[PDB]
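Here are the chains, one letter per residue:
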Amino acid sequence: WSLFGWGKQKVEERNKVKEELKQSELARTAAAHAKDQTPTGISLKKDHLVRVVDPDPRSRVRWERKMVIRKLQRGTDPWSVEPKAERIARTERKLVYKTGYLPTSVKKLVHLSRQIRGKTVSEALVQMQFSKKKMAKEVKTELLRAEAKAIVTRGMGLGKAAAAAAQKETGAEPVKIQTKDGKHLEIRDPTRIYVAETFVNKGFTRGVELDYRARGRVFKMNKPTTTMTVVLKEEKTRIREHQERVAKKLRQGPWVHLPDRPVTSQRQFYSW
Amino acid sequence: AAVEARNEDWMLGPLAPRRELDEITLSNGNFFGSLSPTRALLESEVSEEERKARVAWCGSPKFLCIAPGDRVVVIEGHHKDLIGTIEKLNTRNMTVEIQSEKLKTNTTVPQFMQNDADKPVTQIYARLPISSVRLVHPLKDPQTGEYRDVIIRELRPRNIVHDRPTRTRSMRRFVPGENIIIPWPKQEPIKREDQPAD
Amino acid sequence: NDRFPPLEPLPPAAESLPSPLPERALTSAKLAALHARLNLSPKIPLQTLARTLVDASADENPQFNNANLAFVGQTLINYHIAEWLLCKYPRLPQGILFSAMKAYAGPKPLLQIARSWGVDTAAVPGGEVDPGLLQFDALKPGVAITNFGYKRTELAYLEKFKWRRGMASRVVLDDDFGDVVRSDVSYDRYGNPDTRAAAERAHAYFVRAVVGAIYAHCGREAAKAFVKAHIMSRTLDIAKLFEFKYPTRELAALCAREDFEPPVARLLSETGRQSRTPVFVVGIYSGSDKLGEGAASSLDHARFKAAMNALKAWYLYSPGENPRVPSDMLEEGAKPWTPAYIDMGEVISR
Amino acid sequence: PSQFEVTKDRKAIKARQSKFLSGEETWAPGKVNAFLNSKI
Amino acid sequence: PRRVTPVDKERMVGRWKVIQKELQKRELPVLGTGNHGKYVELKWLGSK
Amino acid sequence: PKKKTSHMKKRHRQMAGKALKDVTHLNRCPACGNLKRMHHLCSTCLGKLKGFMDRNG
RNA sequence: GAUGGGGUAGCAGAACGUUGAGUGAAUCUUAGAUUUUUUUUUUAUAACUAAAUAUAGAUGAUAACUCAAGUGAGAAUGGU
RNA sequence: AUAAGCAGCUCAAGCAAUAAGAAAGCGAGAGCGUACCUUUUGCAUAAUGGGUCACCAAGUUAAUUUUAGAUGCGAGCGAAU
RNA sequence: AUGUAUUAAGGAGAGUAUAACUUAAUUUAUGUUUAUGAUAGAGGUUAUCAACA
Ligand SMILES: [K+]
Ligand SMILES: [Mg+2]
Ligand SMILES: [Mg+2]
Ligand SMILES: [Mg+2]
Ligand SMILES: [Mg+2]
Ligand SMILES: [Mg+2]
Ligand SMILES: [Mg+2]
Ligand SMILES: [Mg+2]
Ligand SMILES: [Mg+2]
Ligand SMILES: [Mg+2]
Ligand SMILES: [Mg+2]
Ligand SMILES: [Mg+2]
Ligand SMILES: [Mg+2]
Ligand SMILES: [Zn+2]
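Residues numbered from 1 in each chain as written, not as in the entry; some residues may be left out. Chains lettered and ligands numbered in written order. Part of a larger assembly, values for the part shown. Heavy atoms only, no water.

1. Regarding helix α1 (residues 11-28) of chain A
Residues lying three or four places apart along an α-helix face the same way, a consequence of the helix completing one turn every 3.6 residues.
Consideration 1: With 18 residues, α1 of chain A ought to run about 26 Å at 1.5 Å a step, and its terminal C-alpha atoms sit 26 Å apart, in line with that.
Consideration 2: Among the residues of α1 of chain A, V17, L21, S24 and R28 of chain A are the ones counted as buried. One face of α1 of chain A carries all of its buried residues, which in axial projection span an arc of 55°. The exposed set on the far side of α1 of chain A, more than 90 degrees from its buried face, consists of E12, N15, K22, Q23 and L26 of chain A.
Consideration 3: Looking at the buried residues of α1 of chain A, the elements they touch are β4 (104-108) and β5 (121-125) of chain B. (Helix = DSSP H or I, 4+ residues; strand = E, 2+ residues; numbered from the N terminus. Expected span 1.5 Å × (residues − 1). Buried < 20%, exposed > 50% of the residue type's maximum accessible area, 1.4 Å probe, protein only. Arc of directions from axis to C-beta. Contact = heavy atoms within 4.5 Å.)

2. Focus on the protein's contact with RNA strand I
Residues and elements named next belong to chain B.
Consideration 1: Taken together, 27 residues sit near RNA strand I, with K62, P157, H162, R169 and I190 positioned nearest.
Consideration 2: Protein-adjacent atoms of RNA strand I, using a 4 Å cutoff, are sugar or phosphate at a proportion of 39%.
Consideration 3: Between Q187 and RNA strand I, the recorded distance is 3.3 Å, taken from a side-chain N or O atom to a base nitrogen.
Consideration 4: A distance of 2.7 Å is found between a phosphate oxygen of RNA strand I and a backbone nitrogen or oxygen belonging to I190.
Consideration 5: Taken together, the residues of the surface near RNA strand I break down into 12 nonpolar, seven polar and eight charged. (Near = heavy atom within 4 Å. Polar contact = N/O pair within 3.5 Å; in protein donor to acceptor, adjacent residues only side chain to side chain. Nonpolar A, V, L, I, M, F, W, Y, C, P; charged D, E, K, R; others polar.)

3. What to know about the protein's contact with RNA strand G
Consideration 1: Taken together, 23 residues lie near RNA strand G, and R62, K66 and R70 of chain A together with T5 and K38 of chain E sit nearest.
Consideration 2: Contacts to RNA strand G include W63 of chain A, whose side-chain N or O atom sits 3.5 Å from a phosphate oxygen.
Consideration 3: Secondary-structure elements contributing two or more residues to the surface near RNA strand G are α3 (57-75) of chain A, α1 (2-12) of chain B together with α1 (6-13) of chain E.
Consideration 4: Class assignment of the residues belonging to the surface near RNA strand G gives a composition of six nonpolar, five polar and 12 charged.

4. Considerations on the packing of aromatic side chains
Consideration 1: For the structure shown, the criterion picks out 13 aromatic pairs over all chains.
Consideration 2: Sitting over the ring of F174 of chain B, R158 of chain B keeps its end group 4.9 Å from the ring centre. (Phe/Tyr/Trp six-rings, centres within 6.5 Å; stacked < 30°, edge-to-face > 60°. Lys NZ or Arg CZ within 6 Å of the ring centre and 35° of its normal.)

5. Points about the environment of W184 of chain B
Residue and element names in this part refer to chain B.
Consideration 1: Examined against the element boundaries, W184 turns out to sit in the segment after β11 (180-182).
Consideration 2: Along the chain, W184 and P17 lie 167 residues apart, while their C-alpha atoms are 52 Å from each other.
Consideration 3: In this view, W184 contacts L64, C65, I66, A67, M171, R172 and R173; residues no more than four positions away in its chain are not counted.
Consideration 4: Polar contacts involving the side chain of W184 include one to the main-chain carbonyl oxygen of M171, which spans 2.9 Å.

6. Re the coordination of the zinc ion (ligand 14)
Residue and element names in this part refer to chain F.
Consideration 1: Within the protein, the zinc ion (ligand 14) binds to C29 (SG), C32 (SG) and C45 (SG); these donor distances fall in the range 2.3 Å.
Consideration 2: Ordering the donors of the zinc ion (ligand 14) by residue number gives the pattern C-x2-C-x12-C. Of this pair, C29 sits in the loop between β1 (26-28) and β2 (35-37) while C45 sits in helix α2 (residues 43-55); the two residues are 16 residues apart in sequence, bridging distant segments of the chain. Each member of the pair, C29 as well as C45, is classed as buried. (Donors = N, O, S within 2.8 Å, 3.2 Å for Na, K, Ca; no water.)

7. Some remarks on the sheet that holds strand β1 (residues 263-271) of chain C
Residues and elements named next belong to chain C.
Consideration 1: Ordered by their spatial adjacency, three strands build an open sheet running β1-β2-β3, and the pairing between neighbours is antiparallel. Edge positions in the open sheet fall to β1 and β3 (289-296), since each of these has one partner strand only. Within the sheet, the average angular offset between the axes of one strand and its neighbour, ignoring direction, is 20°.
Consideration 2: Examined bridge by bridge, β1 and strand β2 (residues 279-286) share eight bridges and lie antiparallel to one another. (Pairing = 2+ DSSP bridges. Axes fitted to C-alpha atoms, helices over the stretch in contact; angles between N-to-C directions.)

8. Here's the deal with the interface of chain A and chain B
Consideration 1: Taken together, the contact pairs 47 residues of chain A with 45 residues of chain B.
Consideration 2: Taking both sides of the interface into account, the surface hidden between chain A and chain B amounts to around 4400 Å²; carbon and sulfur atoms contribute 60%.
Consideration 3: Across the chain A-chain B interface, the total number found is six salt bridges.
Consideration 4: Taking the shortest distance from any N to any O, the salt bridge between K149 of chain A and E23 of chain B comes out at 3.4 Å.
Consideration 5: Put simply, chain A and chain B have 18 residue pairs in polar contact between them.
Consideration 6: For the side of chain A that touches chain B, the secondary-structure elements that each account for two or more residues are α1, α2 (46-53), α3, α4 (84-89) and α7 (136-154) of chain A.
Consideration 7: In terms of residues, the side of chain A that touches chain B owes the most to one element, α3 of chain A, which gives eight residues.
Consideration 8: When grouped by side-chain class, the residues that make up the side of chain A that touches chain B number 20 nonpolar, 11 polar and 16 charged. (Buried area = accessible area lost by both parts, 1.4 Å probe. Salt bridge = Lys/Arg side-chain N within 4 Å of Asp/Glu carboxyl O.)

9. Considerations on the packing of helix α5 (residues 106-116) of chain A against helix α6 (residues 121-129) of chain A
All names here are of chain A.
Consideration 1: The geometry of α5 relative to α6 is characterised by a closest axis approach of 9 Å and an angle of 140° between their N-to-C directions. If you check the angle between α5 and α6, you find them oblique. Together, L112, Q115 and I116 of α5 and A124, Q127 and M128 of α6 make up the contact between the two elements.
Consideration 2: Counted by class, the contact of α5 with α6 contains four nonpolar, two polar and no charged residues. (Parallel < 35°, antiparallel > 145°, perpendicular 65-115°, else oblique.)

10. Some points on the arrangement of the chains
Consideration 1: Highest in contacts among the 10 pairs of chains that touch are chains A and B.
Consideration 2: As for chain F relative to chain B, no contact occurs, and the smallest C-alpha gap between them is 30 Å.
Consideration 3: In this assembly chain D lies apart from chain F, the nearest approach of their C-alpha atoms being 19 Å.

11. Focus on a positive patch on the surface
Consideration 1: Together, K107, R114 and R117 of chain A together with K4, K10, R11, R13 and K18 of chain F line one region of the surface with positive charge.
Consideration 2: Of all the elements in the fold, those that place two or more residues in the positive patch are α5 of chain A together with α1 (7-15) of chain F.
Consideration 3: It is α1 of chain F that provides the largest number of residues to the positive patch, a total of three residues.
Consideration 4: Locating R117 of chain A in the fold gives a position in the loop between α5 and α6. (Patch = residues over 30% accessible without salt bridge, like charges linked within 9 Å, V, L, I, M, F, W, Y side chains within 5 Å. Areas by Shrake-Rupley, 256 points an atom, 1.4 Å probe, with all protein chains shown as cover. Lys, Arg positive; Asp, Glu negative; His and termini not counted. Charge placed at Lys NZ, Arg CZ, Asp CG, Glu CD.)

12. So, a nonpolar patch on the surface
Residue and element names in this part refer to chain A.
Consideration 1: A surface patch of nonpolar side chains, amounting to about 400 Å² of accessible area, comprises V208, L210, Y212 and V218.
Consideration 2: For the nonpolar patch, the leading source of residues is strand β4 (residues 193-212), giving three residues.
Consideration 3: In this fold, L210 is placed in strand β4.

13. Considerations on the pattern of salt bridges
Oppositely charged side chains can form a pair if their charged atoms are brought close together.
Consideration 1: One pass over the structure, following the stated rule, counts 53 salt bridges over all chains.
Consideration 2: The shortest N-O distance in the salt bridge between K88 of chain B and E20 of chain A comes to 3.5 Å. Here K88 of chain B is found in strand β2 (residues 83-90), whereas its partner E20 of chain A is found in helix α1 on a different chain.
Consideration 3: Its relative accessible area of 28% is what places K88 of chain B among the partly exposed residues.
Consideration 4: Note on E20 of chain A: relative accessible area 26%, which makes it partly exposed.
Consideration 5: Taking the shortest distance from any N to any O, the salt bridge between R71 of chain B and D149 of chain B comes out at 2.7 Å. Here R71 of chain B is found in strand β1 (residues 71-74), whereas its partner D149 of chain B is found in strand β8 (residues 147-152), with 78 residues between them in sequence.
Consideration 6: Of the residues examined, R71 of chain B reaches a relative accessible area of 30% and is grouped as partly exposed.

14. What about the nonpolar core?
Consideration 1: Ranked by size, the top nonpolar core spans 64 residues in total, and within it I81, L85, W117 and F206 of chain C carry the most contacts.
Consideration 2: The biggest single contributor to this core is helix α7 (residues 193-218) of chain C, with 10 residues.
Consideration 3: Excluding its chain neighbours within four sequence positions, the residues that come into contact with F206 of chain C are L34, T52, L53, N66, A114, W117, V119 and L134 of chain C.
Consideration 4: With 30 residues, the next largest nonpolar core counts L109, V139, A146 and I193 of chain A among its residues. (Core = buried A, V, L, I, M, F, W, Y, C linked by side-chain atoms within 4.5 Å.)

15. Side note on the environment of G30 of chain D
Consideration 1: Structurally, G30 of chain D can be placed in the segment after α1 (8-22).
Consideration 2: Judged by its relative accessible area of 13%, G30 of chain D is buried.
Consideration 3: With sequence-adjacent residues up to four places away left out, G30 of chain D is seen in contact with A16, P17 and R18 of chain B.

Here it is, written out as structure tokens:
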């Protein structure tokens, strides 16, 4: 039902689509049947999603055969170890969010992405509310959307109440880490969301202005639009990355006074 | 999107996202797991060499040998080997509607024809092209005389006769190779009435 | 199917057997190459080399498995190295001796000898696999060989409550490396530190088995040459197996035991005192004789390092690089045996 | 982006956000992202 | 006599007999493409 | 310009000492508790009190 | 126990690669043909091994020999 | 963040794989090295040309007249019946 | 590009069922063959479900 075909048809045709939608709502209507639909009306039945969630079952099936054979070639090997990338994906939550097309440039918005980098979402929103830049109001709206996606879609930031207990009910000693830049933090809630990564890209050309100079000269001025990507992670990623840097510093060994430096010239005689 | 959604369910495991609670895709404006009305009703016009291909197995676009009211069997897609009765017959795109509860699919309703309390997504009956369905008709076993259902793979018109004064015609459909004249399904004529302005 | 006929003709009851049949080893190109790679004599048939590659975890039957060959082989390897190590370094401390026996005939080096022979392991044991692959089951926890060591009555306490074990009972109670004795299926998993041990165990047992087959078919002298060529040819710096606690005290007990005059640390040379990286060379002198010398950055460390070098020189005393072995007598007529040096033992001090 | 009228899909993700944070509902992994035969 | 395929290599190692069980237990297709058919979403829209 | 400025010498000019400074002079508002700048009047309470004095008086 | 070894203008020999064509109604491909990548090896303007991603049964790719050229670009204040 | 590199080459410390095995890459430090093309007796030349990348972009065809090699026939050849 | 066949005045403005073309902008009739074609139904706007002459 297009927006320019809805008025090009007679009432009988239009009034025949409403009885279709009407009769579709009588079949959708306590708890076991009411949990198969989202508040937006998306029916969570397999037959209703198989055509969109599983459009190509002939290719998915073969791909799932490739991963099961690759998973048994590792369970047979006695020396296999879970890759670092496979072990983090199933332990640490992450959300990549790409903002909408902002009416600004990359050399302007790049400085607004380096300001919120590394900060927590709460710390980053307080800096967008009190910035003088016109694009800081757009970064505050796009950072609230990403946080909503993280909490709902990915489940992040949902452990506070549980973490507040150990700190106070048991007087536990929170974790003290140090970021890659060197800033010291004290994490009491490991589920707190923060801005791990962020980069700005350039989009399509908003428009074109003409610059009428002297001597009948004209120049084209491209109006830029740009986007920003935020990678939101929980504080468990920073507590893991700090323990790795600390372990790599205690693994290089201590400093010895007289080191055994190599002599890198080989000669077919003795010089001493 | 399905190539990337399956790699995440494999990797994330217990951290698999809840994509059904996500926002729409601004490229097309659809929700998760829902089609678009243009793609769920198959109302997009097709070329003339396509209509002849979709109807190749049942006559031709102007001598179609399938009518509404006759049971068909699906032979393509996820809902293969399904059997339902034809309700509508769109002769423009050569698409057919089967009012079976298994062919339903989520669709995103455009907000210009929807109230503000109405749910954005609804389940409507999806249509199929004519090529994706074959005719099912019960025939008699010549050896034992028992009636059983069979799938008709091809139909062709027979005994075509036109009426020039009325611009009408009446033909018969038969199964090539076996010459089994299949009767037409019970079609109710449109109700013609006398209006006050006539 | 018809398009892909099987590459190897096998009966239908072949994928269920624990290990390939004996007659299967007579048609595999991996065994024939493995037999010719180690220069094994033609006395050892291919049906015997195949049995060496079947671990007891893939086959529970005493025959068709490495259990018996790997035993007879471990006894020869251990005996030949024990006698060679005592003749070469007669004064090695007992703990270091265990570390050096384990450094040659242990699961770690024997795993590299099998990987240097081009021995590829089988994914999962079965009758279909070609006999040229080392086949074992790494998910079976209880697989182990029979050893001469006995189980300690206080084993549980030693692990749980950190009781003291000792280094004089290890010779009798423990195994030959000093360690204590007795210390469907889903393949959707990853490696384990326990499976890695089974992988090491399977390789070691195979290398031990090859020596057991050489002994059975070719005799004693053939086994000794194989051990002498493939195992004893490996190089180890025994000076790097030493860890000292209070060496200066131990060195004093040595001189006191041997009746040598008390040791005195003397500063042979030095430079850069009152600097970031000074060098002090101190020599420990028993009377006029110089026992050992060490150079370090700290004056105390230089005295400790000098005492270690003097102790290493005492323990690492070697009559010769290629000494005669008591096993050289039981073979064909050789020169009369000359008594070898027997050291009292390592000094026990505070 | 700050001026786009919030649609019906953006109003349902804000009601869920307040229901998860408050503690009414407990977040659980998605079950309809893809129809894999492994189910793990 | 014929080309050695990844299937032949796995049989030699012994891993294949385990793969047939896992693929069969998961209802996946051993040495085939199954009863599933070709992608028809674009073909149904009249794609050429 | 005689030559084209490289990626290095242009990145020095753009970001070396030109990082946006984080505003740290923020205090809460006594009447409502909302975050405001230091020594400044709350923008949400100003409008509300400014409108409260226009209705009744 | 053969002789010879820089090179502009210039002359000569021998090859590779690109596009299309014949043999070709041929060969190969879900037991993965093809994937602008990465990687490996081989006296190597080239091909090859493996890996990763996607999924094709031919309007797909292709050895070898041969045929014809709109056949090879850091350089024209060249052009888009 | 003590340094005067046509950013390559020769020498090379060190870092780099949670683990059996496996080091590509980056490289402190030492030395050598004044872009390319065109045009000229001769150009790092402060002589000409180029902001980068992709694509377009130049000894070809016809007739005619020769030569070499190969090959058919042979005091005939070619063409054509 | 060449060849074969046929033909021997071309354009624009505005309007109109947006495959349909001239304020009649989808005229009205004939003959034949219609699945063994040609190359015993439904359907006049829910239209033109028939091509050739
Ligand atoms: K050219
Ligand atoms: Mg002017
Ligand atoms: Mg009729
Ligand atoms: Mg020369
Ligand atoms: Mg030359
Ligand atoms: Mg590729
Ligand atoms: Mg140019
Ligand atoms: Mg410096
Ligand atoms: Mg001049
Ligand atoms: Mg200059
Ligand atoms: Mg110049
Ligand atoms: Mg210039
Ligand atoms: Mg060109
Ligand atoms: Zn206030």
